[PDB]
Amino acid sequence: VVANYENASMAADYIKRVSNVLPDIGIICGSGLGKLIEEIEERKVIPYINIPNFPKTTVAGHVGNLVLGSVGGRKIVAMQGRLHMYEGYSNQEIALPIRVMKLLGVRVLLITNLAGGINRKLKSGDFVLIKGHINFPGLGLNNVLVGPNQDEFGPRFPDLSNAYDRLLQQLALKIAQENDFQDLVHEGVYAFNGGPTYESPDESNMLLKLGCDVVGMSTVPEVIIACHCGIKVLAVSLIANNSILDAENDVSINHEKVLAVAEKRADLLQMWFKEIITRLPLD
């Protein structure tokens, strides 16, 4: 199924009819960071498998629902079950849910992920406001926009200079300051490692040379599709480990250690994002 206008329109029309929610804000959560989606009020849960033209996720399995409702006095739509390109999803499959969000009325997309620290100062448990990225798949002819352009959604050649909205970054930091946890909050450049192997020790060392602060396997494709269709983005990485120190010390990373850090910060991150939502422009 192509992520085109007719196909996204049919998905959006089904979602509107079933939910009776018109959302202004979209949310995509990293692994183990899904608590916010559980605090959604008057929730409507729509399985991906019921939505016309939505991508098939049963090979990967695990949950796949759109959840719509209210949080922090605002109407939102959340992806419960994220699509990652290391699973083998096509550009069309990644793009279609975000384009449906655009047609549902989403103007701001909030994204979290778990990532490895490349800046030597970053500690496990820190938050990084992403201010820019290095898209290795994009440089290498695997950009999520490769293929015919869908002109109905955006231009052939997007500029990504404002992909990570500066005012949303400033708002997120302001709220951390008001709540006295700004000592956890950094800003940084995210390197997109297609995955699914963790960055090798020598890859980490290369990324340090190239100016990256964090590394992960997600987020950049959604950011690009959102930027292409005019949706503002705030993206926040939770640091699971410091990959540069691990490289220098011969220490391994594993998904279990990673999920343990998400458990440590999930509630704070939920409280932070709920307050961001309440403080977003009504426009």
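So that there is no doubt, residue numbering starts at 1 and follows the sequence shown.
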5 to 13 set against 259 to 267, stretch whose average Cα temperature factor tops the other in the entry: 259 to 267
Average Cα temperature factor in the PDB entry - higher stretch of 131 to 139, 74 to 82: 74 to 82
Peak C-alpha temperature factor (PDB record), options 60, 226, 67, 214: 60
Top Cα B factor in the deposited entry, candidates 237, 252, 242, 218: 252
Chain-relative CA temperature factor third for residue 99: lowest
Lowest, middle or highest third - CA B-factor, residue 37: highest
CA B-factor ranking of residue 157, expressed as a third of its chain: lowest
Residue 105 CA temperature factor, ranked by third within the chain: highest
Within-chain third of residue 198 by Cα B-factor, per the entry: lowest
